[PDB]
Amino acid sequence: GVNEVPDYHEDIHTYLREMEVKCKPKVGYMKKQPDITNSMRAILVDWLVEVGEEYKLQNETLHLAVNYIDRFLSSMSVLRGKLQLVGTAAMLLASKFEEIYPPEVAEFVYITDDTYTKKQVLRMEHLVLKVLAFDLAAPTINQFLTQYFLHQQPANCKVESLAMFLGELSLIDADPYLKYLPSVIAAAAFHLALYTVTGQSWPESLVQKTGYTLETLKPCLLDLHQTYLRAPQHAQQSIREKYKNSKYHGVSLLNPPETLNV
């Protein structure tokens, strides 16, 4: 009923589709960053995954913060010693946007282990707002996931959690995921999840909603399947740790499929 906004879900979907394009980071900015690499970024995002769990934050907050970081690093060159400061401010801003009870600025300072001052966090907060022009209501993978979930026949919590998990894995790896829109990664994540858990594929009803097919999703889906298969080997493990928890139905313990037949 109303909690799934029957009278507005299409309007909203269409609008998020338009906005994910405006809020999209530059695919190739990492090469233009002299002093930071995909690997450093992965380390930061993995750390932000741990900060989200330490402060019991929403997964949405996590996705928003990544979005802010990637858009910031698209126009501003950052020395490696300052990347954490950008991330911290991004997380602060996202928390203030998304959370009922954001952690105080002091806690954001505390999790940096006194690398930075409260003044530096607040000044960077200002800088990020400037750079993004207060454009903070960004479509996330999650905003699409939760809508696609309404197309399960019937609802399966392992499917949902696994889709969330895969989605979060994609935040870690700028190559290749910077080249895919939130809506597409979510599509891929949902299909992989559904296939893994129930053997089923991306539903026709979602083909109607999204205009996406297994055809269009294929590139992303091949990348996501690889990310899933190699996840236990990745340098960054904080997301798999998180998804062992019963909260998320311990979905990181499920075995990836060996082939997709696609």
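Residue numbers here begin at 1 and follow the sequence given.
Mean C-alpha B-factor is higher over 107 to 115 than over the other stretch, the pair under comparison being 158 to 166 and 107 to 115.
The deposited model assigns a higher average Cα B-factor to 231 to 239 than to the other stretch when 59 to 67 and 231 to 239 are compared. Compared with the other modelled residues of the chain, the Cα B-factor recorded for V121 ranks in the highest third.
Annotation for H249: C-alpha temperature factor in the middle third relative to the rest of the modelled chain, per the entry.
When the modelled residues of the chain are ordered by C-alpha B-factor, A193 sits in the middle third. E4: CA B factor lies in the middle third for its chain, per the PDB record. Per the deposited record, the Cα B-factor of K179 falls in the highest third when ranked against the other modelled residues of its chain.
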